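All Cβ positions, even for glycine, are placed from backbone atoms using ideal geometry, and neighbour counts span all protein chains on display. Every read-out reported here was derived from the displayed coordinates using simple, explicitly stated rules and does not represent laboratory data.
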Amino acid sequence: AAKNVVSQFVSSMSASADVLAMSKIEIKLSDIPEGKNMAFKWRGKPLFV
Amino acid sequence: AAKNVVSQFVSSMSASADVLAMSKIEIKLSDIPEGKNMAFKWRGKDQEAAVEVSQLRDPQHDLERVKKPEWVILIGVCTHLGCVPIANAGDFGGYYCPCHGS
Amino acid sequence: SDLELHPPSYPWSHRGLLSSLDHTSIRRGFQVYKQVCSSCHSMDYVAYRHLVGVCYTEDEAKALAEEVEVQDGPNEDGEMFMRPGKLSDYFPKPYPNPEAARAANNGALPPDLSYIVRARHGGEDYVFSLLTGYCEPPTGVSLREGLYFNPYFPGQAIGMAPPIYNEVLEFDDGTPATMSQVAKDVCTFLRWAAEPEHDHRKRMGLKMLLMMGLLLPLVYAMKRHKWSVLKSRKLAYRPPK
Amino acid sequence: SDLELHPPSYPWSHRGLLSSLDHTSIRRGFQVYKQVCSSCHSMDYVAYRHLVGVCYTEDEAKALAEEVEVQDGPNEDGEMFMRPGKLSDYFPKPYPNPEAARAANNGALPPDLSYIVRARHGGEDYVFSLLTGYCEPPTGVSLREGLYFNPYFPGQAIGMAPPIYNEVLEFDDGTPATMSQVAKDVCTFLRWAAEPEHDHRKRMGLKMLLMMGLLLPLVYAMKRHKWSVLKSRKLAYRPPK
Amino acid sequence: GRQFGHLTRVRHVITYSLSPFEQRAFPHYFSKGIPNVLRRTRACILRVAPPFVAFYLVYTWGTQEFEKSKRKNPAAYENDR
Amino acid sequence: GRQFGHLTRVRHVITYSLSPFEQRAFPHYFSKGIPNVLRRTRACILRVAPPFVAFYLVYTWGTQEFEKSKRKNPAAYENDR
Amino acid sequence: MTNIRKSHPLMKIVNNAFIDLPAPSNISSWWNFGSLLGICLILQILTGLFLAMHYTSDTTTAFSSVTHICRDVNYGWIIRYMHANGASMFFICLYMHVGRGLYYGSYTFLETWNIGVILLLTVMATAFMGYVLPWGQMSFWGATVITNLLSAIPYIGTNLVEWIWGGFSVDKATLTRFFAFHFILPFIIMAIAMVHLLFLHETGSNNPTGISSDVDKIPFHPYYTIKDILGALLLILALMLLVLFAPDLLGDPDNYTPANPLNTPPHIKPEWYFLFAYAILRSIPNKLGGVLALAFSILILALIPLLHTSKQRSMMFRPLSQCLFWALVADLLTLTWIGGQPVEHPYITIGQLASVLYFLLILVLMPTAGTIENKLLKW
Amino acid sequence: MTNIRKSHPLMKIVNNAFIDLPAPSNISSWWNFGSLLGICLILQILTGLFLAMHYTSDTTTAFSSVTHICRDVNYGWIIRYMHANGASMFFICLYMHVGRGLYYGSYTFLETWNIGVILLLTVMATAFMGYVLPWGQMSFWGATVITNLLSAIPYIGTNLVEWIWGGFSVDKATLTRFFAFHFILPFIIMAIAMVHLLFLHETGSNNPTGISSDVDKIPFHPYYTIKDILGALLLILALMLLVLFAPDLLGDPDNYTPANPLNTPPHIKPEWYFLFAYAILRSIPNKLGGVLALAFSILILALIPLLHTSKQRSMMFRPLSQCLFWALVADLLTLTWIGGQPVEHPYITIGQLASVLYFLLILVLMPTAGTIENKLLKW
Ligand code: HEC
Ligand code: HEC
Ligand code: HEM
Ligand code: HEM
Ligand code: HEM
Ligand code: HEM
Ligand code: FES
């Protein structure tokens, strides 16, 4: 249970499943002809692509 | 020192210029006859209106028929009513009497 | 001053200690919300993250998620957007606002049901009864028009018109829809709501127990092993006297 | 890679230690904001509570407050207000939104000026110069159209068209309005902004000082009074030897 | 002083004991101990339980006493008048 | 042990002192002390100051050294080519 | 102490306040509690701490965050309940520690008592604020009540209300002030904890028998340490058992209802353990009367050591008083269920009954009894 | 100790670790600092506390609250600056406490040193988080930098970033995690404080002269207490003087700019006191190199006691090393101004110059010197 509890502690602070839910929602990727700029939402800084 | 000094820390707790804006100046409003309803809260909502801010109840009291003038309301109101009323506790029976409802 | 009735305790798929939830009805009962309660009462607190726990395939509820959502997206590059994308999103509220909510239901305030089970006393049978019960106004009673008489309601009059009748809907399975079934099929759903970990969390229960019966007798052995000496004492008063 | 110019330090009504602010110009400089900067740059942080500190009579700025506000209030009883009522209210922002803000100024983002003094290096003379300076593009330079050449701007080109010329306005007093005056009359205003307590807070400065010169020599006396013995020691080695 | 040394003065006591390995952790635990339950279980039970019993009555007593007091209005006054 | 009692052994020292009221808090404070300033202010000043002076040069030295390096482009290359 | 790892750092010399602490022979499990208490305190400290991370107090938002906590946070649900579900257990750990006190009447130790007194008084006040945090309706009104109860002071009462408030309402200041206190506070308690122990290590422990045991003592490190090892974990079981299977059992407070300042719940009772104190509030029709009634009611504990009249200490040799002892026990346990009910006359009278009953039990009967036994016993 | 109010409560016997603490005769004001340090710590505790009340950490809202704080809160402005303006002063109070250390080389006391070591290391890290609180841009990027500096660990580095982050960004968790730490932390420091004192009261104080003074000692209560009384308040003056007249002087960090995650300021330097450490970061072109360079750089202090080679302690009788001592002083003071500048080459080289200069000063020169003096002095 030491391996239960010490672990169940740490993994708490680690990551919010909702924060994880917010990594790279942008999939897209096409939508955009060749050279023709579409946009998407990156890691949270804007991306021209 | 402390007399000014400790005051400062303490007085922080005391009050704030924010809710200092309360103590109704408005009041103003409104209803017609029954409604009631006729509340809001604002922990209070001079009056003013006129004058008044004595009370009747909390939440748009607003006065006793505003001494027969306006109130909201002005007693009667809807179930039970404005002052007497009763409309006392859930909602019966003691109303706003007292005696003259003022 | 109504005599407060209490729901008879029903068995359940989850009722017992290790008794789990069954998602088959949970899937169905969702549709009910997807059908009915989206009328007024909301649930704000759960993402579309349900997927496989309610058995929804990643695509299944994702594509299911896709339909559900929300407005606009063109205000000078600012705002929200259509078609939720990811699962993080919550449900659209049928009302923007208690003002908008209450007036629409005319003085009634539909509550959000997310935790409501844990709010009301008496578990689910509270509602299932409250679902079930509608009675014929006794002789010598009247109601506010919207208020409908059920002794389950505390004042025993509720503005909620009975939603559930036999085959209000068609289940996802195609199971014949029945007032009680339609009712009872949901009663597992919210029971799940307040505690998603519910199914998972029970694991530790069995986990700890067999873990637990281990050490105590063990400890109980060790302790005594030491105390074995003390309780073994003898005394001898052999005064030179 | 512009040589960064620094504003020559001007005297001021507040410049010196005990030097206070003078509200007469502060009252005026307000109008400027009431006239000019309400165009784009906002200040969000101050209530109408200014009244008597900027000398405004309770009624004076209240009635002055009254006209400033005035928006909607009829959305199914859910509101804000017209006509602010009390002083707690802040200014309407000329733009709802950076999107709305920036596009309106076409890629430029007007900053909120509330604390901006404390933001920029070099106090007020930064702006007053930046107000003053506009130069004739040197031979061998060009600009973005909206950008107007001042060495005071860091890249030395700014989309802000020079607002201030001699008699942009008429002061509240009726003082003849002058580019420098109109400029210089404001420079006290924001200096006040970030620190309303400024005038008041200085009191403690003089308060503490005369309070301070009291105790230290006093302490300095007491300490020595004790140490008077130690530094007064004598020693005598008179061995029986 | 040193906690044990100067405690007290004691004379002509003798003590007898074994290694713990010499013996077992269950020297007739069941058989010997089970009787002991009573002599302690009987000892205080004379002195202790009865007050609670009174309580438990009051629990039902007043509840019942409460119950009628409200539950039935057509009791003292039936619904006639 | 008791902090002062067992400290050390000392023999045949003698001490002489007065009440503080017997004397003043300024026994020629100015007159006597002002000379003392030097013997301490001269003592270390031999050993300490000079390193900083070197620094202060570097402060201006490098700054100046910095300054030209950028400030004037038409320097090494004038604006001709 | 030649080459003993106790003295090598001077620090570990202090550590010899434990290893070699002598100890009494015959000791009930009822002496586990003192050490048992600190256990809860620790385990708590972590829980509310990591909980403190994702939670925030903002009057509008705060409660919402909590929803986020048990749901989307890694294992967020187990943790909330833990910190909570320790709390009541800890209190039941409390009274027992007290409980041992009188049954052996160890309060003979004088200021130590008073310490044990103040130590407690803070603790309950603590979670009181702690209970506000969830921002439930019952929290809100419960908060709203007791300050409104305060005001009755004849002259100065008024401001102190809105002073502690910081306004006319229950709003931000009222809350987020506390989120400091409900947090900052318990540490100082821990700081206080050791002090309460120190005095005990003036005289060494007390016994069951009211008899100085000095003839026999025991090195602590081997033995009672073990019984601790047992006694400690036992708590965890029910503590961990309640939490998972039947979490909301003691979660009798039902409100995740976002507190409506206007709306009032059908019922307001504080949580389970206050209630007898709260009950006694109802008793006096004088609102002021109940105050000096309520707050003083516990202060009696300070007054007990004044009333020890007997010539032998531990109750277990005075049978008569023992009755009172138990007689008092249910009397406490009584006020619970009355307190556990609304304000309705059959209970009211009953409630009105036990109040004066209560004091008489402690204040008169107990001191009265022992006198006669002396005479009965020829003392 | 007949009827002495020291022993009557056992507690005050402990209090005789002070009254009768013997003390050295000749003592610079430079020994005020040890006691002087704790002063700041206290006065702080209150300030951030009452400040903590009206402030809230919520990533969107939090900074806004601060604006509310200095403006509409009773005396809100004096208070913010106080807690802040103590901070740097406290640090200057710090190094001096260290400063006395080597100039008299009192580090002869062995583990006491190591204690004084760790004690510090926490403290700086503390306000580091404390500096995040204002949520300024410079805070934000400054926060953003150093974790991004961490990642360079060859294998495991990655997760630990987003682990401490709790995501891919600087967002809520990153913040409101800390608002616990930046708050919870210093207490334990205070707890630690006493320990660091204990050891000193093993041996009693050290002197100026490197000479055991045992021949003469002084009761502490009358005297040094006084010089404290003076030495204490003196701090307050500048502390209170800076704060009012020229508040933002040391308020050189300029950002009340709400932090733009996208936008970057024209310049990023940590606040004043880091900077030399930060400067040394720049030096190594190897990013990993600078890390083992930076963090280790202070760890040298642990290593000093290893290098005392002389036959007499206090520097004030070894003139030669004294030069190095000062020689090192400016060298520190040097790195400041270089650190106080951007990354252009003339400074760069200059910065690149003093780095290896730095170690040589401490690591080689100092141990080298004393040897010869022994020989010079016929030892
Ligand atoms: C008519 C729109 C509507 C429908 C459809 C609807 N709700 Fe009702 N519901 C309400 C309103 C409005 C009330 C309260 C009526 C009143 O206050 O008089 C209510 C009552 C309730 C209550 C009890 C009121 C309370 O405070 O908890 C619950 C629970 C509830 N609804 C949930 C449901 C469930 C379950 C269903 C599916 C059987 C459902 N709603 C369908 C609007 C609706
Ligand atoms: C044209 C609408 C407008 C007017 C009128 C206006 N501002 Fe400007 N101001 C702007 C915009 C837009 C910029 C930035 C232009 C750019 O970014 O290229 C700017 C530049 C500035 C700047 C410097 C930009 C910065 O980042 O700080 C300040 C300060 C400022 N304005 C304040 C003022 C003051 C003071 C006045 C009265 C003299 C004033 N604004 C009148 C919109 C305006
Ligand atoms: C959480 C709160 C407390 C903690 C952590 C605590 C801790 C301890 C500990 C470790 C002991 C030694 C073991 C023991 O005798 O129980 C002890 C003893 C004692 N405490 Fe406290 N205690 C607490 C509360 C109290 C309270 C509330 C009181 C009195 C109102 C009190 C009074 C005493 C007394 C009288 C003893 C000695 C009892 C005896 O001789 O058996 N303590 N406490
Ligand atoms: C004996 C120790 C403590 C008690 C009895 C106590 C009391 C409480 C109470 C009454 C609650 C709310 C109850 C609930 O949420 O169900 C609570 C939750 C909380 N307590 Fe404490 N507190 C204690 C120590 C602490 C500590 C050590 C912390 C923080 C390190 C803390 C901070 C919190 C926090 C942050 C919460 C929020 C979790 C929540 O409210 O659900 N308290 N605690
Ligand atoms: C805020 C942090 C600290 C506090 C509150 C503190 C407190 C004290 C106090 C009260 C003293 C006794 C008076 C004195 O000798 O100065 C002292 C001495 C000492 N401290 Fe600390 N100290 C602190 C930091 C440190 C640090 C950072 C170190 C070493 C890195 C350290 C090492 C020492 C040493 C060596 C002494 C004895 C110095 C001597 O003999 O003159 N202390 N400290
Ligand atoms: C030596 C002691 C401490 C230091 C150096 C320190 C560090 C800091 C720092 C760096 C800041 C932000 C600087 C600024 O706002 O200008 C700050 C502000 C703050 N500190 Fe601390 N902290 C210390 C102790 C405390 C204590 C005792 C508390 C709370 C009781 C605390 C809580 C806070 C809070 C709440 C703020 C918000 C005020 C603000 O940021 O403007 N810190 N402190
Ligand atoms: S890390 Fe970005 S430039 Fe050095």
Quick one: is B:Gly44 within 9 Å of another protein chain (Cβ to nearest Cβ) and within 21 Å of the chain's Cα centre (by Cα)? yes
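Residues checked against (1) part of a helix (DSSP H, G or I); (2) touching a strand residue (DSSP E or B) at 6+ places or on another chain (Cβ under 6 Å); (3) closer than 24 Å to C:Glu124 by Cβ:
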| site | (1), (2), (3) |
| --- | --- |
| C:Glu4 | no, no, yes |
| C:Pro11 | no, no, yes |
| C:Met43 | no, no, yes |
| C:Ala65 | yes, no, no |
| C:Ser88 | no, no, no |
| C:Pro94 | no, no, yes |
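For segment B:2-33, which positions are under 25 Å from B:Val72 (Cβ atoms) and within 14 Å of chain G (Cβ to nearest Cβ)?
B:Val19, B:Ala21, B:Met22, B:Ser23, B:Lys24
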Go through segment A:26-45 residue by residue and tally those that are loosely packed, with under 15 Cβ neighbours inside 10 Å and facing another protein chain (nearest Cβ under 7 Å). 2
Does segment H:200-229 hold any residues that are farther than 30 Å from H:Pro319 by Cα and more than 14 Å from chain F (Cβ to nearest Cβ), and which are they? H:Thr225, H:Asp228, H:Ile229
Could you say which residue among C:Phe171, C:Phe153 is within 14 Å of chain G (Cβ to nearest Cβ), in a loop (DSSP other than H, G, I, E, B) and either under 30 Å from C:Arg27 (Cβ atoms) or within 16 Å of ligand 2 (Cβ to nearest atom) (or both)? C:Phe153
The condition of being touching a strand residue (DSSP E or B) at 6+ places or on another chain (Cβ under 7 Å) and away from chain C (no Cβ under 13 Å) holds, among E:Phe4, E:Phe52, only for E:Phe4
So, of the residues in segment F:7-49 that are of a type in the set (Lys, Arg) and within 13 Å of chain D (Cβ to nearest Cβ), which turns out to be nearest to H:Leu324 (Cα to Cα)? F:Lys32
How many of the residues in segment H:342-359 are assigned to a loop (DSSP other than H, G, I, E, B) and at the interface with chain F (Cβ under 10 Å from one of its Cβ atoms)? 1
Condition first: surrounded by fewer than 17 Cβ atoms within 10 Å (Cβ to Cβ) and in contact with a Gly (Cβ under 9 Å, 6 or more places away or on another chain). Can you find one or more residues in segment B:34-41 that meet it? yes
Can you name the number of the only condition in (1) within 12 Å of ligand 3 (Cβ to nearest atom); (2) closer than 26 Å to G:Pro258 by Cβ; (3) crowded, with 20+ Cβ neighbours inside 10 Å that G:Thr126 fails? (3)
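Could you check how many residues of segment D:135-166 are surrounded by fewer than 15 Cβ atoms within 10 Å (Cβ to Cβ) and touching a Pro at 6+ places or on another chain (Cβ under 7 Å)? Break it down stepwise before answering.
Within segment D:135-166, the first condition is being surrounded by fewer than 15 Cβ atoms within 10 Å (Cβ to Cβ), and the residues that meet it are D:135-146, D:154-155, D:161-162, D:165-166.
Still in the running and touching a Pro at 6+ places or on another chain (Cβ under 7 Å): D:135, D:143.
Selection size over segment D:135-166: 2.
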Out of the residues in segment G:244-289 that are β-branched (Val, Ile, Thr) and at the interface with another protein chain (Cβ under 10 Å from one of its Cβ atoms), which is surrounded by the most Cβ atoms within 10 Å (Cβ to Cβ)? G:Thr257
Yes or no: segment C:203-213 includes at least one residue that is away from chain E (no Cβ under 14 Å), among the charged types (D, E, K, R), assigned to a helix (DSSP H, G or I) and buried (at least 17 other Cβ atoms within 10 Å of the Cβ). no
Which pairs have Cβ atoms under 9 Å, sit 6 or more apart or on different chains, and link a residue in segment H:13-26 that is closer than 10 Å to H:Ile218 by Cα to one that is of a type in the set (A, V, I, L, M)? H:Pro22/F:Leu7; H:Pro22/H:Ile218; H:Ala23/H:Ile218; H:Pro24/H:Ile218; H:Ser25/D:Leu230; H:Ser25/H:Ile218
Using the structure shown, decide if G:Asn148 is within 14 Å of chain B (Cβ to nearest Cβ), surrounded by fewer than 20 Cβ atoms within 10 Å (Cβ to Cβ), more than 25 Å from the chain's Cα centre (by Cα) and farther than 19 Å from G:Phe63 by Cβ. no
Only one of these is farther than 26 Å from G:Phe90 by Cβ and either of a type in the set (S, T, N, Q) or under 22 Å from the mean Cα position of the chain (by Cα) (or both): G:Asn159, G:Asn206. Name it. G:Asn159
Can you name the residue in segment D:13-41 that is part of a loop (DSSP other than H, G, I, E, B), away from chain H (no Cβ under 14 Å) and of a type in the set (A, V, I, L, M) and is also surrounded by the fewest Cβ atoms within 10 Å (Cβ to Cβ) among such residues? D:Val36
Scan segment B:5-27 for residues that are more than 15 Å from H:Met53 (Cα to Cα), of a type outside the set (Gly, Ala, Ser) and surrounded by fewer than 15 Cβ atoms within 10 Å (Cβ to Cβ) and report the count. 4
Picked from segment G:48-69 (must be more than 8 Å from every other protein chain (Cβ to nearest Cβ) and crowded, with 19+ Cβ neighbours inside 10 Å), the residue nearest to ligand 4 (Cβ to nearest atom) is G:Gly48
Would you tally the residues in segment D:179-214 being small (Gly, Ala, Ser) and over 26 Å from D:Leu131 (Cβ atoms)? 2
